[PDB]
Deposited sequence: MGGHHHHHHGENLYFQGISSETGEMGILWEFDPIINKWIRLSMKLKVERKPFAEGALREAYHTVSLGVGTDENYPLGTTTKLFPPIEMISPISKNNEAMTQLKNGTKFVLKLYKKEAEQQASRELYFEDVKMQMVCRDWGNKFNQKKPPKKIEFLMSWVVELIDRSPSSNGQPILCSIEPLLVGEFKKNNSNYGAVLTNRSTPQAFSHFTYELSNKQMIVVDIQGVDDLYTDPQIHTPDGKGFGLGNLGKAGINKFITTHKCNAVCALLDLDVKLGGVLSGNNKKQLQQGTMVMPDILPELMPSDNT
């Protein structure tokens, strides 16, 4: 949207309530060096140079039927307005495909809905997952295909991982564990949200397991993932406040 120097991107926001992707453009300026790394990805400080429409970049994955024809409303326009400092995540060089960027962002959106459902029970500590978006870094040279990344708001504070996607319980806090338990029981065992991590109860990069192991990226470890969580879960006061069953 802005005149100043930066690179262009195609920005994708998933909206679970209409079950559609919203396609936009933005300009961003990313730092040359990462400020952190995880297992597969590196995180980069980025500044937004504004969000606009995708009109100049005519359009397949996601398929056309999954894309909203209208993009006037979105979180991006406020959360990524010009000046906003945020975080860009790129796969190192290592496995990643186009589909996986979208799966991962949609997954975080699904977890974000679970956070709201959890909060509606009025737990002692309310929780929230950050927005996440797919960005096609179209100014960067494509073996093909385009450079993709995901972006999300900047968390300020000490970043802590509370559980992994395979049974680790990494801190003593109760809410992140009760939340994982809550998603499992309240989904009637259709899914569980783990990899609960972020700053305080602002969370990012969660991971879902489902019994059939289908979808939800490469970190979906299916029944094994679910059972590994069960083996290590001790119900706490939040689990009890939420009236969750001590079995399962």
{"property": "Unmodelled intervals of the deposited chain, in order", "result": "1 to 17, 77 to 81, 117 to 119, 168 to 169, 276 to 307"}
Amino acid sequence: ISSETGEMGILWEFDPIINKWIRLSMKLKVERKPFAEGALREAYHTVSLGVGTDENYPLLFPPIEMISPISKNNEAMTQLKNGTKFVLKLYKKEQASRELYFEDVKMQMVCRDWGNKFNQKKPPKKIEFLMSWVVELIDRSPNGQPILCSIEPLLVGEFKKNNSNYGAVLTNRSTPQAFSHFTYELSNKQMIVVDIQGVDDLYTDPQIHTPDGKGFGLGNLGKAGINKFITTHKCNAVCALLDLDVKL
From here on, numbers count along this sequence of modelled residues.
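Note that the rigid core is defined as the largest set of C-alphas that superpose within 1.5 Å between two forms.
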item: Rigid core superposition result in 5 other deposited structures of this protein, more deviant of 49 to 57, 32 to 40 by Cα; value: 32 to 40
item: Farther-lying stretch by C-alpha RMS in 5 other deposited structures of this protein, rigid core as reference, of 82 to 90 and 143 to 151; value: 143 to 151
item: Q95: gap in at least one third of other compared structures; value: yes
item: Which of 42 to 50 and 184 to 192 has higher mean CA B factor, as the PDB entry lists it; value: 42 to 50
item: Given 128 to 136 and 114 to 122, the range whose Cα B-factors average higher in the PDB entry; value: 114 to 122
item: Most elevated Cα B-factor in the entry, residues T175, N143, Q108, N165; value: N143
item: Residue, from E94, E103, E75, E152, that the PDB entry assigns the highest Cα B-factor; value: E94
item: Assigned third (lowest, middle, highest) for the C-alpha B factor of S68; value: middle
item: Chain thirds of CA B-factor: placement of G219; value: middle
item: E31, C-alpha B-factor rank within chain (lowest, middle or highest third); value: highest
item: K228 CA temperature factor, ranked by third within the chain; value: middle
item: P206 - Cα temperature factor, lowest/middle/highest third of chain; value: lowest
